[PDB]
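Chemist: just the starting chains for now, same placement as in the complex:
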Amino acid sequence: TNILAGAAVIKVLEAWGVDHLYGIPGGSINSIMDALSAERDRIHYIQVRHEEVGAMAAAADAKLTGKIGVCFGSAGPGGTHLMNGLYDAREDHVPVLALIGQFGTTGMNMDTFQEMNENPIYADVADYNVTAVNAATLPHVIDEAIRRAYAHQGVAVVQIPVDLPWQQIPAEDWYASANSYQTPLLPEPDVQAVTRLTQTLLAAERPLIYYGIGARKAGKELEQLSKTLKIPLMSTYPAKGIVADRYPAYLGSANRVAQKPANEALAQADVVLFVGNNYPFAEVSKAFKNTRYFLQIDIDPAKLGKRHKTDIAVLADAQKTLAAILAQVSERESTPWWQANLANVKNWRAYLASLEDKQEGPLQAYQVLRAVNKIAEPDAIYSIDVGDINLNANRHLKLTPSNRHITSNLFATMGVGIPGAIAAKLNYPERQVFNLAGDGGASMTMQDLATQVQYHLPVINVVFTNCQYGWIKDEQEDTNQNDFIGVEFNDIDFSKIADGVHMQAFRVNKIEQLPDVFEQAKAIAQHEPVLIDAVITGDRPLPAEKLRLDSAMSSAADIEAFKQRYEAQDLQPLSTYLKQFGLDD
Amino acid sequence: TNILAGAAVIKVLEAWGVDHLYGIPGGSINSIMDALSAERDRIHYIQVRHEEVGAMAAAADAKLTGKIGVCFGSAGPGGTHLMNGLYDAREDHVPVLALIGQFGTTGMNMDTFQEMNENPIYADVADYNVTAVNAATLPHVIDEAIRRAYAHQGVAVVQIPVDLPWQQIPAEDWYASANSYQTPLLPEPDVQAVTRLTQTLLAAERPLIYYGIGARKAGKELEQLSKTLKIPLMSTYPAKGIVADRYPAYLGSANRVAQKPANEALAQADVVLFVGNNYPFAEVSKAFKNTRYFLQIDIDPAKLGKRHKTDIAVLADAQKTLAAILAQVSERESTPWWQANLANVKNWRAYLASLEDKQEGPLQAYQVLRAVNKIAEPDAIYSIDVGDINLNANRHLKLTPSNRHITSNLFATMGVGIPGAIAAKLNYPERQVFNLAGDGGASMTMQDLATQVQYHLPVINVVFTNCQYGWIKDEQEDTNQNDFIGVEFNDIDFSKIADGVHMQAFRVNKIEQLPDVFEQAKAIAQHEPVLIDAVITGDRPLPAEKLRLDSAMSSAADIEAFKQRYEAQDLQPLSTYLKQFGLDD
């Protein structure tokens, strides 16, 4: 006849297909805990060691599977600890439900222990942000929160006074709307607009197709269009892997987490097809200042003409539109622009290989990533933290459509490596999972290495120990007048941290040590987590946004200093290849 | 003729006497970093490993010295990481300035990398919350923020677009108002009201004086009034130490972080003098339901009649008022109420001593704290985390007016032990400093053990490893119908964590191991930090709020179960002593 309101809430989560959720208990959320306890055969609670890891893992769940992530925090400090993960979910536009403990309705507004008005705390981050005040409507409020988080691709927060889930409600009244769920409709491309777009693209002297993760379903069409039309491809960093890295006309990404060929080509291009792309550097870096025609395909009307004035804009699904272009074109002959870019890519990849292929000496980030490549399975998943690792992984990882990689794309919160890998292994127990993190980021969430141990999640953790916030040191080098500050710090031995949480680990500092240690790690991670602490040099990775290679643009002295510092003696500027094929810079 | 606006900002901090500040750099705050770098001889930047530790340490600075604490975080995730420390500062009403990075005014509102409207993030926590938009007024905005944080005893947040501090401003225009600073005026007690208050207090059959930290300047007057009038003393937990723990009529604190004699006496009292006290449990625990007359002294009109209806309310300084009462009274003879309470205290202290005085066997929290007492200097400072340690430290630490102790009093954020100890050692390098933390709380901020190492801060860290969130397990025992959940977890060896950050450490699990390890730690902390990981039992500490000792109130079976579980065979209920002296319960 009756059900506890907390039991009904957990049944709402189950109806929506929530497999696992994260948090840390407290008095203010013990009634939800009680309902979870009864339901442990059907829904799986993951106890983290810091609530930010719970929120970040919930975000990562949604990034990986498209299913809403769920986390919770107790009243006051439990909930405020969620913030970095909630902001990550907002900025990366993935659905997350966050439940926040609150003291009982009889004690609210009495200024009792750890009791405050919690609603204003979450107003900025959340698409939906409500304090529940009734037990009978609580299942509906949770249902509403989930349905909105999905529809609006963001964060729904519900503060729950602890008395409500222990109250009996009628067993027959509540329901979940999960059965009625659908994903948004995919708009179709206008035939005339697609034809006009195709004509402009074909008439270009120096075309590029520049796609983001909005094109994640269109890898085949992107590569086929590139091959057929002889048009180079470039992408946002997160869109690495949609087309295989091995594709010879994939230039990489632009700006800083970037590859040289992409920056150079973008500066020269006359027509850009900008597809499923919200590149946040467009305006500030003047990326498109010399672009003659700008053609955009996006599903979101809020994005059309956002990053540059459009000459043709198509409000449609990326794959449907790219298919429609491909359907109306035929094989084109090679062009000077095509060949110049192909040559430039070859030159760049030879540079990266030269760094990877060192066999002995002081360990650099480049060989560590080569060692990752050597033990990586074809469908491996990479959880990547924030800093130099984004740049280095972007250059060195050899990804295909079979891979996944995730980071904090836009909020760019450090510490996401560990939680992202926890979520990855929970969602894909049979797939190999890496956590690639700098020492600064790994330090921030280090305690949750214990969570990998506790739940026997065989993540391969690789920490890049430079004893610096390298990403920031390099920024200070570029901008600051006075000495470095706050960017060089004391060593932490992560192999000892790992030992502390009862995880097998290794520490290495020489290139020649890599093969055996990585082989051992590969084997250990068949059953248990493992950590490799790679002590790397303070060498700055080549700044693709600050090239000093072209004698028509840089002094002979700046060029040779750049070659020496970045081991880039064999790099040629794009202009070399443009000139070979009869085009001017 | 000109000065960089960032240089002027740092000069404002120097004028206000800021010695040290905390944070982690980033591109969005590198211009403030540049100004700090130039000023490193005069103001001292402390690089933390997680920004929440910076915010918590800033809060602790203000708790300890009364001087505004200063922290910062980079745009987006740097700033949102500050939240647990900022909420701590708000709820514990201490002045803190937080600077938040923001991207340059040319890139704001362009939806660029890690760029968002940051002002709404801080609206709830902050007394003052502004985004600076001009370089010439920036020193004033910082000055304003500091002056308001002090006057309003809370958090001032300023978001700073990174371009502004690198702009030149006239050298002669800016100023700091530090020279004009004063603390609020101390109101004087009305003579007639004090006399009426004194008469009511003297006419009481079962009086208590119940003080909080608002009486921190009135220790001498409190103890003297108690001795002269034969009136027992009780306090809030944070007010432990204002009167020496050894004082035989100090009952301790009420509720849960509490001592038995205080809970029992409060239930029986007819008149309570409530002084400098904002006890958050007053209403929810029905603390004063049987109190006949309620007399209050507080400096804040917002507090008068807040926690119970007052019969006499005095808007005045605690010390001035207590002095005025003492001036108009003379020595009173002993009473039955006085003797019953004295006997009860003796019985309770003998119980605590019996726990402390065990010499061998499985290690409990009680002997760990005895070992702390044995190596503690008379003016030691204690930074205490959140959980069972608050209860255990409250019972076992032997404090006097010469000590300081701090925790997160009201927000009660876990993880404060480490940052509180960092702040304590920075402010009091010649005083012994302890960090007393449970394993859950220590885990949350563990990475900043590295900060103690980096800045050579000789903190004595003591971790209470029960492999539980014990405080929460006990709550689930009390309230939950279904099995424990999320409260028992895997071991972390903190002696290995310490080794990882290059700190000397010990792990112990037997009572007989304590003396030598604590002696070694005492010696090490003359020069360097040290950590003791104390592996303790899962024994629940005696619940002072759930006594089962009085046969007129509890079954014989519940009483003997309580004695057995809490080793409390020799405890007597207050009623025993009331009856001895001819008073009924």
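Modeler: Nice, thanks for sending it over. Numbers count the residues shown, from 1 in each chain, chains lettered A, B, ... in the order given.
Chemist: C-alpha only now, for contacts and for neighbours.
Modeler: Will do.
Chemist: quick check: the closest residue to residue A:136 other than its chain neighbours vs chain B, distance?
Modeler: In this structure, residue A:136 finds its nearest non-sequential neighbour in residue A:169, 5.5 Å apart by Cα to Cα, 6 or more residues apart in numbering or on different chains. Residue A:169 sits 17 Å away from chain B, going by Cα to the nearest Cα, to the nearest Å.
Chemist: what about stretch A:105-124, start to end distance?
Modeler: Its start and end residues considered, stretch A:105-124 measures 24 Å (Cα to Cα, to the nearest Å).
Chemist: so which bits of that stretch are buried?
Modeler: Within stretch A:105-124, the residues that count as buried by 16 or more other Cα atoms under 10 Å in any protein chain shown are A:105, A:107, A:110-116, A:118, A:120-124.
Chemist: so what's residue A:123 up against?
Modeler: residue A:129 (Cα atoms under 8 Å, 6 or more residues apart in numbering or on different chains).
Chemist: now residue A:253: which helix or strand?
Modeler: Using DSSP states H and E, residue A:253 sits in no helix or strand.
Chemist: likewise for residue A:557?
Modeler: Judged by DSSP H and E, residue A:557 forms part of helix A:556-566.
Chemist: which parts of the stretch 451-585 of chain A are helices?
Modeler: A:470-479, A:494-500, A:514-524, A:556-566, A:574-580 (DSSP state H, counting those that start in this stretch).
Chemist: of the ones you listed, flag the one that's most buried.
Modeler: With neighbours taken as mean count of other Cα atoms under 10 Å in any protein chain shown, the helices of the stretch 451-585 of chain A reach their highest mean count in helix A:494-500, at a mean of 25.
Chemist: can that helix be said to contact chain B?
Modeler: Yes. Residues of helix A:494-500 contacting chain B under Cα under 8 Å from any Cα of the partner chain: A:494-497, A:499-500.
Chemist: hmm, who's touching the helix holding residue A:557?
Modeler: A:540-542, A:547-551, A:568-569.
Chemist: show me chain A divided up by domain.
Modeler: A:1-184, A:185-351, A:352-541 (curated CATH domains).
Chemist: now those domains in JSON lines, with distance to residue B:5?
Modeler: Below are the domains of chain A laid out as JSON lines (distance: least, Cα to Cα, whole Å):
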{"stretch": "domain A:1-184", "distance to residue B:5": "30"}
{"stretch": "domain A:185-351", "distance to residue B:5": "23"}
{"stretch": "domain A:352-541", "distance to residue B:5": "14"}
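Chemist: of these, which is nearest residue B:369?
Modeler: domain A:352-541 (24.0 Å; Cα to Cα).
Chemist: from residue B:410, how far out is the closest residue in space to residue A:107 that isn't next to it in sequence?
Modeler: In space, residue A:107 comes closest to residue B:284 once its chain neighbours are excluded; the distance is 6.3 Å by Cα to Cα, 6+ apart. Separation of residue B:284 from residue B:410 (Cα to Cα): 15 Å.
Chemist: residue A:565 too?
Modeler: 54 Å.
Chemist: ditto for residue A:40
Modeler: 33 Å.
Chemist: who has more neighbours, the two?
Modeler: Counted by other Cα atoms under 10 Å in any protein chain shown, residue A:40 and residue B:410 do not tie: residue B:410 has more neighbours, with 21 against 11.
Chemist: doesn't that one lie inside a helix?
Modeler: No. Counting by DSSP: H, G, I helix; E, B strand; the rest coil, one finds residue B:410 to be coil, located in no helix.
Chemist: state the phi and psi torsions of it.
Modeler: When read as degrees, to the nearest 10, the backbone of residue B:410 gives phi -120, psi -40.
Chemist: now do the contacts for it.
Modeler: A:113-114, B:88, B:91-92.
Chemist: of these, which is the nearest to residue B:253?
Modeler: Closest to residue B:253, out of all of those and judged by Cα to Cα, is residue A:113, at 14.8 Å.
Chemist: the closest one touches residue B:411, doesn't it?
Modeler: Yes. Using Cα atoms under 8 Å, residue A:113 is in contact with residue B:411, at 7.4 Å.
Chemist: who in the stretch 201-350 of chain A is up against chain B?
Modeler: A:280-281, A:283-284.
Chemist: sequence below should go in as chain C:
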Amino acid sequence: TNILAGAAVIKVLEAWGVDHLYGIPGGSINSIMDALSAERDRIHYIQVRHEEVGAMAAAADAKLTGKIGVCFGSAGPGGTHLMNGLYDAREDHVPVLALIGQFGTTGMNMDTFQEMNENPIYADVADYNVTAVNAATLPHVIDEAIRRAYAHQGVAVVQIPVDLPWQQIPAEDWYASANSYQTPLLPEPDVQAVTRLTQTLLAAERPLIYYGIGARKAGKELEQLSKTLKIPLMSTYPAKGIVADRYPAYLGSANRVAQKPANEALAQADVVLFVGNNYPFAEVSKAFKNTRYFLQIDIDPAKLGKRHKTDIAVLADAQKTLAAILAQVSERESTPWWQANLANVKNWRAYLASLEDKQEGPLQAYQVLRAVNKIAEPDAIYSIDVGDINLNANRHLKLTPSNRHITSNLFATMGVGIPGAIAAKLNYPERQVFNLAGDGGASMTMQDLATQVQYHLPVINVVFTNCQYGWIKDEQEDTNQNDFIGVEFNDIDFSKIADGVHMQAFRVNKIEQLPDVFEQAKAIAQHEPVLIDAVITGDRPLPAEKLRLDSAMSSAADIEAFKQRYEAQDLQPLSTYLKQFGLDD
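Modeler: If we add chain C to the chains shown above, we get the following:
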């Protein structure tokens, strides 16, 4: 045994002495209405015609009496209509309680009719901002709101779900803390700081005392210090009347709502004693750019050194400090500085009198205000709207300590004239009350002239009809490159509007009509409200901030143009008087 929670809420209001409150009913607040309906003998509900008028009137109640003002609005649009009054109360730092309707707890968060999360709406304006969720604690929440509004001198907002006030609660539990309310007894002003401040003031060659409303209790001391020491007085506009306008050495106020002698003298002064003053134009107008020493007295630490670099800032009560200064000084002979300022004031007053004393012709604001003066009782209260009326009333009204005048000082919301006058008459039925308003501001709240009729509040309304937003037209003349826009509009005949709400009224457009109309109005307002619609010219009043009178500073052409436009042929610059008494400019 039991009491309705709504009934207890009204008893809390009665305990705090709330005489009257304002609002408009709705379904979402009908349970509070129900409780008010039973208590008509003890609390007086005023039904307004627009909720902003209720909020503005509540703010005005507190401005006038120092007692908390109370208003309410129904859920959604009722509450949001309060905003202009709530912001006025926040900015003018007066205590106001606002009750906001909400739908019942069973329908909250169901997305029902007019149902939304109302808490974020009031977060910015409110010092205290909570949604009640329990009936038994509702009286406490209201009590807390009141106590906080008083303590923090601002707005407390409580959102009340409509079901709660109809729930029975135990009769014996609730209480109000009004009985605890008191004002603090302060120590004497800091003796050594006051002595030093005094020496600096007396050593000055060109001293000024510049006070604001913080000196409201110090009129006697201000005038005596001025006379004894030969130091001219100037004030903020709202501080007009604290010293009688007829005082020969009262210079007026500075900036734009200002008088010529104050602006001229301030520019010359070497030492300013800034007392109970938070002049918002200090920095932006560079008011103190030439000041050698700046001395301050203020009760609020947040203000110490806020507006200018301050040589000595005394934290103390204005009256007590000024009395302490007076007690340690004695007579100084007349100085050139004193004589020059006296002469300048005389010249300025002759100018104002020349405008007032016209007897025939096109009506100007100047003669209307002379007509007000001629019918004004010595203790009349003036509610003044926002625009040219602030400037003209500041110059022409002849106020003494027996008067009161109020406007929206800092938020400066138009429309306040009508509600301020309603509040004034409710608090002071036996005092004459004027509403002096421009046509723009009167139009915004015109419907509430019906409220004066409904409650038989004999306000004398005087509307200054120029068919312009004159204040803004003048700004456009000063700053805008293109034609006037939005500042000249169609006539509204307010005598006809008055007829429509059943109020006796007159319309005048000639100077010679004034005496008979104002005599009739004076007599009508012995019993009923009345309105005079004064059709005035579009003449720009003399801009005290743009003086062109001094041959050393302005071209002869500029001076002749200024003199012509502003009928200022007989005005002399201060430099003329300075030279006369042997001082240089």
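Chemist: back to the contacts of residue A:123, now that we've got chain C?
Modeler: Applying Cα under 8 Å, 6+ apart, the residues near residue A:123 are A:129, C:120.
Chemist: how close does it get to residue B:40?
Modeler: Taking Cα to Cα, one finds residue A:123 at 39 Å from residue B:40.
Chemist: which residue is the nearest non-sequential neighbour of residue A:454?
Modeler: Nearest one to residue A:454, counting by Cα to Cα, 6+ apart, is residue B:490 at 6.2 Å.
Chemist: list the contacts of that neighbour.
Modeler: Neighbour list for residue B:490: A:450, A:454, B:467 [criterion: Cα under 8 Å, 6+ apart].
Chemist: for it, give its distance to residue A:57.
Modeler: On the measure of Cα to Cα, residue B:490 and residue A:57 end up 19 Å apart.
Chemist: can you confirm residue A:70 is in a strand?
Modeler: Yes. Residue A:70: assigned to a strand according to three-state DSSP.
Chemist: got the contact list for the residue nearest to residue A:336 when sequence neighbours are not counted?
Modeler: Closest residue to residue A:336 apart from its sequence neighbours, by Cα to Cα, 6+ apart: residue A:581 at 5.2 Å. By Cα under 8 Å, 6+ apart, residue A:581 lies in contact with A:336-337, A:339-340.
Chemist: what about residue A:581, distance to residue A:550?
Modeler: Residue A:581 sits 17 Å away from residue A:550, going by Cα to Cα.
Chemist: next one: residue A:147
Modeler: The value you get for residue A:147 to residue A:550, if Cα to Cα is used, is 54 Å.
Chemist: those two: who's more crowded?
Modeler: residue A:147 (23 against 15).
Chemist: so the more buried one: helix, strand or coil?
Modeler: State at residue A:147, reduced to three classes by three-state DSSP: helix.
Chemist: what do you get for residue A:226?
Modeler: Residue A:226 - assigned by three-state DSSP - is helix.
Chemist: residues touching the closest residue to it other than its chain neighbours, list them.
Modeler: Residue nearest to residue A:226 in three dimensions, not counting chain neighbours: residue A:232, with 5.9 Å by Cα to Cα, 6+ apart. Residue A:232 is in contact with A:207-209, A:226, A:249-251, A:338, A:341, counting by Cα under 8 Å, 6+ apart.
Chemist: could you report the separation of whichever residue of the stretch 101-250 of chain A sits closest to chain B from residue A:102?
Modeler: At 4.4 Å from chain B, residue A:112 is the closest residue in the stretch 101-250 of chain A, using Cα to the nearest Cα. Here residue A:112 is placed at a distance of 11 Å from residue A:102 (Cα to Cα).
Chemist: would you list every one of the helices in the stretch 1-150 of chain A?
Modeler: Counting by DSSP H, counting those that start in this stretch, the helices of the stretch 1-150 of chain A are A:5-15, A:30-38, A:51-65, A:77-80, A:83-91, A:138-152.
Chemist: any chance of the ones you listed in CSV, plus distance to chain B?
Modeler: Listed next are those as CSV, based on distance: least, Cα to the nearest Cα, whole Å:
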stretch, distance to chain B
helix A:5-15, 12
helix A:30-38, 6
helix A:51-65, 9
helix A:77-80, 5
helix A:83-91, 6
helix A:138-152, 18
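Chemist: closest to chain C out of the ones you listed?
Modeler: Closest among these, using Cα to the nearest Cα: helix A:138-152, at 6.7 Å.
Chemist: centre of the chain to that closest one, how far?
Modeler: Relative to the centre of its chain, helix A:138-152 is centred 25 Å away, using Cα atoms, centre = their mean, to the nearest Å.
Chemist: ok, the closest residue to chain B within the stretch 151-300 of chain A - contacts?
Modeler: Of all residues in the stretch 151-300 of chain A, residue A:280 sits closest to chain B, at 4.4 Å by Cα to the nearest Cα. Counting by Cα under 8 Å, 6+ apart, residue A:280 makes contact with B:111-113.
Chemist: please apply the same query to residue A:522.
Modeler: A:375, A:460.
Chemist: what residue in the stretch 151-300 of chain A comes nearest to chain C?
Modeler: Counting by Cα to the nearest Cα, the stretch 151-300 of chain A gets nearest chain C through residue A:161, at 10.0 Å.
Chemist: just checking, that residue touches residue A:104?
Modeler: Yes. Between residue A:161 and residue A:104 there is a contact at 4.7 Å, judged by Cα under 8 Å.
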